[PDB]
There are 2 protein chains.
Amino acid sequence: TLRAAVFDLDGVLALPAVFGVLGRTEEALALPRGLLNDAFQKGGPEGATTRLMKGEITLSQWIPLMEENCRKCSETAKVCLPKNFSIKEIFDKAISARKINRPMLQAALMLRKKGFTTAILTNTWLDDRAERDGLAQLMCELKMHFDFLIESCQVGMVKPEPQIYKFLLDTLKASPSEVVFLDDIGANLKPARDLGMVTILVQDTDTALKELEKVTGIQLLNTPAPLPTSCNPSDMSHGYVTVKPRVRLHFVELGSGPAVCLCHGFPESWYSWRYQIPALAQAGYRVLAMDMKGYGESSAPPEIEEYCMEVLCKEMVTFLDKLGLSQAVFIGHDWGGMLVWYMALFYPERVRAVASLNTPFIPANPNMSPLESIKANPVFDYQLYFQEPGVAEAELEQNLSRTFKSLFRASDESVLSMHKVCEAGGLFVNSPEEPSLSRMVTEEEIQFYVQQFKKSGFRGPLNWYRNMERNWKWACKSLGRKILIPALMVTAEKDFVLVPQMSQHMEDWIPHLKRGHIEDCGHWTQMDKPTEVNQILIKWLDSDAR
Amino acid sequence: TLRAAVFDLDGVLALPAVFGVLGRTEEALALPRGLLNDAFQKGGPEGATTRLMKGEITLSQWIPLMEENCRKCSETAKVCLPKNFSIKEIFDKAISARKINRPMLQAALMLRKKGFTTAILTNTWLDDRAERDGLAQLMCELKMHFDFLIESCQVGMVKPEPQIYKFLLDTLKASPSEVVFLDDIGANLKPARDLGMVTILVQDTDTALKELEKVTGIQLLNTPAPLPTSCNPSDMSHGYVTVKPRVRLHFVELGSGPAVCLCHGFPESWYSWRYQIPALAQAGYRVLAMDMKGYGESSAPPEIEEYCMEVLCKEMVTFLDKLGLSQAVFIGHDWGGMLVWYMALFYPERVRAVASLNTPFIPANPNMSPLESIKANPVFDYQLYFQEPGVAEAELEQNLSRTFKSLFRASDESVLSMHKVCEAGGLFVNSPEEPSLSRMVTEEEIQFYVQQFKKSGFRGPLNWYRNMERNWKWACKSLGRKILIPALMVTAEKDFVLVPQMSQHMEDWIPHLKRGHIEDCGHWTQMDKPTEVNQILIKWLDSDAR
């Protein structure tokens, strides 16, 4: 029974193989066949390329030794190299062309999910070229998906020396017959096969995956597309900023580039952005995913007026000041979406761009109190239930597992009647005590929210709903303004509270507004349709925010 | 007795005044005198500019109303505006030209140091132009130096309405005769003077500062240049990353832009970079100042081999992986400087650029154990004293205040004989029990280090010295490599341990090395000559790392 799978980087996990670019260079420049491959291997174990792969010299030190090898090879072949011949140019473009072989990476991820330990065993070099960041970026995306990354230049050994295969087995803690080894170079499979390992010679990807399916007994080809990479809380960088005495904000941070601030809704967490955080960082952004005030590890003062929009927005500005950020892109969902529109309206100089998921921008009506507008629409009756301090807290904190299992559901799995909540005497009065698990979340994901709400409870989060009059008075000061910075509104077809039709007149206030729309998507947008959300945000960020 | 000073932004803290650029535009375009100033003030309290300053409309909404005002003014003056006339272009360049009036800012900082509460009271607008980041950046540098920032567009009031002066006094908690008010516009001083405040009309900076000196009785003009801005620990964003089980690294983070990682020496803290962190962030860098392993809030395992260079460097790579950083500029001092040279040698793809303060790169000698090389030089005798576990710990932890007061001294204030430390039986055997305070540090700064070392003690920090053989064996693997990425070596004239002469052959290994040299500077480079360090690092970062 196989339990480990080892992959080579060049020619297996990343295509095209740098070695294959030497063949293409020979044809393009009309050089004798194999000339560049002979210069590359010149000297064997005592040669310059072996010294490079063992980490004795760097790539920049090797480049002139390879040029010397090219001339000595062309001298015996009785040929002349062109005047513009450059090993640096050839290798720079070969490394640049190399991209992740997505089907191979997906097969490795599927095997890891099914219990396999996975590793990359590669012959590679210490890259000190001015363009080395491109390679560093490639290695970073790859290494996060594998249990082990063994590089020849770090261990002083190279394939096909039998010592590196022994080192591999010691690292994996497995016997040879428990390992599948994939490589595009035949000479590299020979020692693995002598040990008794299963070997797959990789010529084309599809045939290699067909062989891999047959030995593992696991379907890898023709399977559904997987969900985006989700992040593990214990692997994140956690940040804490004190914005004022007794008010500290917690956030998770990933990536480099323009700052993007993610603002969750009710009753959520920074964890509600788990599928967006790796995708946005990989697209070239520095992601800051907040625990909003009243939630998780951020401070939760009991006073109602600590959660009015004017105070929340001032603290978010202080948060940027203390981090040394002149601007950030603000992306919000639900209550966070409301906050991001007010950030654009009152502090436009600090907001690079603004996006809201589900929450529309609706201007304040100076002739009508918001408490009267809410009574007219029966779907917002639960907001009246949330007004009296202590009432909704007691119900929502009684059983945390029940609370999160009943709320976090897809649109076709609804278990909560959101009508006559006040008359019924509660949110969960005609609801099951043990609801089934939604297809959207796992038990482990529910337990993360349960643990976060054991710390401060629902008082802080519910206080966001208890400043209707204060928010309305403050918003009335902005009625003469327009939002003229880059903006995105994303509607969710099946959000039965924040309906797409509530956003129809936004163009009157944000004349250059961009739109996104997600079909078959309910209220919990980020975890309901993560791939669709990622694609919409990344496209908009790349065109209007960078 | 005065106890508060209020400054205007435009024409006082930032020059040239945006209002004065209208006068220059009229002369350049040969328009009638005062034409642009009349259009700007057109309508008075009911006018477009008053609505802008009150926050009713944004700058982009105001621009076409000002253009309309310009045409109506030119119609009554019987003149024609040129075809290329643009209010946007005029205002864009006026805002761009405005820079901090350094002598005025220095006078405000001196008053704040002497006990005064300081504030900015300004007539300003909500800037939503595509170029608004330049203004946001200006406001961020300024606001950190003042107790209060009162902006007209945020409070709905404008100078010279008497309501804003009443609001100012309520905010300051002071009576009118305790306030000095500086403004370049005469009409704005009138209400402050009616209340009984001291007013200074600002035409030229030097005369305004002479008047300010006379009323406060404090010297502001002709004083020595102040030290760089230092940061307050409670105002920083603190980050925590788990690099492996039981090993968590703490860092402080400030700024946006290319990542710069600061690595302290022994026995120090992230706090040793207090004068560099605000300067590097202001220059356009995202600064990450570490608590190295064994120190402050980072994990401190007791095992010696947890502090060998191979393990420390691997953890720093994992730190970049978990933060989502493909590369960082590495800047080290003392033991941190040694680590940064090994990062460049073993992980060049992750290092954008490398700088060391005091610590030279000295290649390993494969023919001689490092323990024998140390015995030949009598100045490194204290490193032999540090070898036996428990001995130096007991002496250094006995009195923490004495330990840091004896070490952190300028070169002319030395109280420690670094010769025959082993024979003497200790580092502080012929040293005072209560040493005087060095001119380099304050009692408050010493107490920060005292508190940090009360948590884990000296075991972790001293373990960095107890892996000589392990480090030497690992370094021998790099003897065939050269450092070919951008590099800076900064020598300190009066470091009597890490002497400038120890770095003389570095060019053999780092052929493109850049150099810096600080005269009259001892071992504690960052806090001994902070302005000189800042200037050298910023110039190098701007040319070779960005």
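About the thresholds
- Counting starts from 1 on each chain and goes along its sequence as written, which need not follow the entry numbering; residues with no coordinates are hidden.
- Going through the entries in the order they are written, you letter the chains from A and number the ligands from 1.
- Values reported for side chains reflect all heavy atoms of the structure, with hydrogen atoms and water molecules removed beforehand.
- Residues with missing side-chain atoms are left out of burial classes, side-chain pairs and their counts.
- UniProt positions are given in the numbering used here, feature names are shortened, and annotations may be inferred rather than shown by experiment.
- Under the scheme used here, helices are H or I runs from DSSP no shorter than 4 residues and strands are E runs no shorter than 2 residues, and both carry numbers assigned from the N terminus.
- Each residue's exposure class comes from its accessible area (1.4 Å probe, protein chains only) as a fraction of the maximum for that residue type: buried when under 20%, exposed when over 50%, partly exposed otherwise.
- Working rule for contacts: check all heavy atoms of both residues, and any pair within 4.5 Å makes them a contact.
- Put simply, buried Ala, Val, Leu, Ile, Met, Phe, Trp, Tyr and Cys residues joined by side-chain atoms within 4.5 Å make one nonpolar core.
- Least-squares superposition on the C-alpha atoms is how the copies are aligned.
- Throughout this description, a polar contact denotes any pair of N or O atoms lying within 3.5 Å of each other; where both atoms belong to protein, one of them has to be capable of donating a hydrogen while the other can accept it, and for residues adjacent in sequence the pair is counted only when both atoms sit in side chains.
- Any pair of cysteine sulfurs within 2.5 Å is marked as a disulfide.
- Fitted lines through C-alpha atoms give the axes, limited to the stretch in contact for helices. The angle between two N-to-C directions lies from 0 to 180 degrees.
- In this scheme, roughly parallel covers angles under 35 degrees and roughly antiparallel covers those over 145, while 65 to 115 is roughly perpendicular and the rest are oblique.
- Throughout this entry, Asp, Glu, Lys and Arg are counted as charged residues, while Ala, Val, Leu, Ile, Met, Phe, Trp, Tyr, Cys and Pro are counted as nonpolar. The remaining residues, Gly among them, count as polar.

### A closer look at the UniProt feature "active site" in chain A
Residues and elements named next belong to chain A.
Moving on, step 1. As annotated by UniProt and renumbered to match this structure, "active site" occupies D334, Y465 and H523.
Moving on, step 2. With respect to the secondary-structure elements, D334 resides in the loop between β12 (328–333) and α14 (335–346).
Moving on, step 3. A relative accessible area of 11% places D334 in the buried class.
Moving on, step 4. Apart from residues no more than four positions distant in its own chain, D334 is found in contact with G265, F266, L357, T359, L498 and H523.
Moving on, step 5. Inspection of the secondary structure puts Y465 in the loop between α21 (459–463) and α22 (468–475).
Moving on, step 6. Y465 gets classed as buried once you look at its relative accessible area, which sits at 4%.
Moving on, step 7. Not counting residues up to four positions away in its chain, the partners in contact with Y465 are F266, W335, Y382, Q383, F386 and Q387.

### With respect to helix α18 (residues 400–407) of chain A
Moving on, step 1. With seven of eight residues buried, α18(A) lies mostly within the body of the structure.
Moving on, step 2. Among the residues making up α18(A), those that are buried are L400(A), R402(A), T403(A), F404(A), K405(A), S406(A) and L407(A).

### Some thoughts on the nonpolar core
Moving on, step 1. Membership of the largest hydrophobic core comes to 112 residues, with the highest contact counts inside it found for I277(B), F319(B), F330(B), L339(B) and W341(B).
Moving on, step 2. Ignoring any residue separated from it by four or fewer positions in sequence, one finds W341(B) in contact with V354(B), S356(B), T359(B), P360(B), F361(B), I483(B), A487(B), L488(B), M489(B), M506(B), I510(B) and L513(B).
Moving on, step 3. Residues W341(A), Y385(A), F448(A) and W474(A) belong to the second largest nonpolar core, which totals 111 residues.

### Thoughts on the relation of the copies chain B and chain A
Moving on, step 1. Under the fitted operation, chain B is carried onto chain A by 0.0 Å of movement along the axis and a turn of 180 degrees, and the coordinates agree to an RMSD of 0.0 Å. Overall, the copies show the geometry of a two-fold rotation axis. In terms of proximity to the rotation axis, the leading residue of chain B is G239(B), whose C-alpha is 2.2 Å off the axis.
Moving on, step 2. Counting the interface residues of chain B, we find that 100% of their copies in chain A are interface residues as well, pointing to one common contact surface.

### A closer look at the UniProt feature "binding site: phosphate" in chain A
Residue and element names in this part refer to chain A.
Moving on, step 1. UniProt records the feature "binding site: phosphate" at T122 and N123, using the numbering of this structure.
Moving on, step 2. Checked against the element boundaries, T122 lands in strand β4 (residues 117–122).
Moving on, step 3. Setting aside residues up to four positions removed in sequence, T122 forms contacts with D8, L9, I150, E151, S152 and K159.
Moving on, step 4. Residue position: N123 is located in the loop between β4 and α7 (133–143).
Moving on, step 5. Setting aside anything within four residues of it in sequence, one finds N123 in contact with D8, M53, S152, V158 and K159.
Moving on, step 6. Polar side-chain contacts of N123 include one of 3.0 Å to the backbone nitrogen of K159.

### Re the state of the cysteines
Residue and element names in this part refer to chain B.
Moving on, step 1. Considering all chains together, one arrives at zero disulfides over all chains under this definition.
Moving on, step 2. As a non-bridged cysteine, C308 has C313 as the owner of its nearest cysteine sulfur, 9.3 Å distant.
Moving on, step 3. Here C476 stays free of any disulfide, with the sulfur of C308 as its closest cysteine sulfur at 14 Å.

### Points about the packing of helix α13 (residues 309–323) of chain B against helix α14 (residues 335–346) of chain B
Residues and elements named next belong to chain B.
Moving on, step 1. Look at α13 against α14: their axes get within 10 Å of each other, and the N-to-C directions meet at 75 degrees. One way to sum up the angle between α13 and α14 is to call them roughly perpendicular. Every residue of α14 that contacts α13 at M309, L312, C313, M316 and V317 is listed here: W335, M338, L339, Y342 and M343.
Moving on, step 2. When grouped by side-chain class, the residues that make up the contact of α13 with α14 number ten nonpolar, no polar and no charged.

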